[PDB]
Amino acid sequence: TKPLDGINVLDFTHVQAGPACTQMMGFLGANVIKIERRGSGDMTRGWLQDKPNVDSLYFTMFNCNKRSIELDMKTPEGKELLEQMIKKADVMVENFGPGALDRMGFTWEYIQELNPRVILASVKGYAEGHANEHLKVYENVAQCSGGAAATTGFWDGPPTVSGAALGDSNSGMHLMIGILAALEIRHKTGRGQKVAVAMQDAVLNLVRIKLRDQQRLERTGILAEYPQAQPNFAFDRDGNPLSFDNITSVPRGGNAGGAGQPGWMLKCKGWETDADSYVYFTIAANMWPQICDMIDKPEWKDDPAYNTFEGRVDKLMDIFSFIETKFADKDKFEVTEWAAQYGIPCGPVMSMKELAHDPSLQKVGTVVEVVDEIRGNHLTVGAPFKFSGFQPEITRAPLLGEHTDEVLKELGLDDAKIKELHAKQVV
C-alpha cells in the first residue's frame, strides 16, 4: 500500500511546476489523469526532442505515472465531461493564468457545488491579492521576484539565476504540501478546500535566511560574515575595497559560507579545462589545528594572527587562496578524502555526468531508469523521500490521448457516446 492509493487527481497542468507536483503524487500511488489540449497537448512534448516525433525528455521526466486524455474544454460537451470528472476527483490541479479556470466555466463556488469533497490546487505567479497578481511568471522571473537572483552571484557581477528550479519544481513541491495538508483537513471536516501556491512565495520561503540578513543589516548596518565586511576580500570594478558603509540591501557574496562556518569554492587540478574540478571547503574554528597539519603550516597553529576567528578576519580570503595552492595537483575526490583523514568536512562539485552515472543514487532509487518500450528507456529523478513501508513503481509517461477512451469508459459512457465525442472533436 502507498500513501495516495485511491486518490483521483484531475490534472490540468502543463510545463514544469504543476506537472512536477502531480508526478510526485503519482509516484506515491495517486491515480493521475492528465487533461490535455486536442492535437498538441502539453507543449513540453515537442520541446527540444532528441528523437523525431517522439515525446521529449522534458515531457517524460515530468509526466511518468500519469494517463492522458485529450479534451476541448471550450465545447459544451467538453464542459459536461469535465463536470462528470470533477465529481469523481479528489484533487484538481491547475496552472492556468489568473482567472483562467473561472473563465473556462469553473469558479471555486461552482466546483464546490459539483463536489463538496474535491480539493482545488493552483500554481500562481504572484499571490491572490498582490498588486502584481496579474503578471505572467516563468522559472527565472520567479527567482528574480523572490529575492534569489538579487542574493546569488558575485558583488561585481549581475544578479544570477540558480540552475536548480527554485521557480518551477520548488513551487510544485510546495503545492504538494498544500494538497496533502488539505487532505488532512478533509479527514477532520469531511469537506474539500481551495489551496494555492505563488511562485514568488515558494522562492521567498527558501530565501528566508536572506530576510534574516536584511533585518540584521537594517538593525545593525553590517553583516560580519559577508565578504564586504572583511578587509582584503571583496573589491569593485575599479579596485576599491567594498564595505557595508554604503550597503542597505543584502548583497551578493560570491561563494561565501553564509549561515554556516566560513567557506569558499576552491579549484582542484584541471580547473582550466574541467569546469567542475572544485571542492567546497570550510574553515571551522575548532578545526584550525588539523587544517594547519593538512597544509603544513605549523607556525599558524601558535600564531595569534592565524590562531583564532578574530585574528583570521582580515586574511580569510588569502587563507582560502593558500589552501587552494595545495589542491593544484590533486583531483577533487582526492582532496575530499585528504580532508577527511584530518576530520575536515569537505565536498566535491558533482558534475551532471557524474550524477547521471553514480551507482549510489541508482541503488537508493533517487536516479531511476524508467522502462519505456515505445520511446527507449530514460533516467529520471525518483522520490527524494524514502519510506519504511513502500517504494515508488515508476512507469512510462503517456502518449497524447493514449487513455482517452479508457477514461471515458470509467465515466460510464458507451461506445455510441464515445464515437460521437470523437466525431464532434470534443476528444
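Numbering starts at 1 and runs along the sequence shown.
With 311-319 and 271-279 compared on mean CA B-factor from the PDB entry, the stretch scoring higher is 311-319. As listed in the deposited structure, the average C-alpha B-factor of 252-260 and of 221-229 is greater for 252-260. Residues shown: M92, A165, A202, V137. Highest C-alpha temperature factor in the entry: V137. Of the candidates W288, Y110, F154, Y126, the one whose C-alpha carries the top B factor in the deposited record is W288.
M43: CA B factor lies in the highest third for its chain, per the PDB record. In the PDB entry, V335 places in the middle third of its chain by CA B-factor.
Per-chain ranking of the deposited C-alpha B factor places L413 in the highest third. Remark: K34 belongs to the middle third of its chain, ranked by C-alpha B-factor as recorded. Sort the modelled residues of the chain by CA B factor and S243 lands in the highest third.
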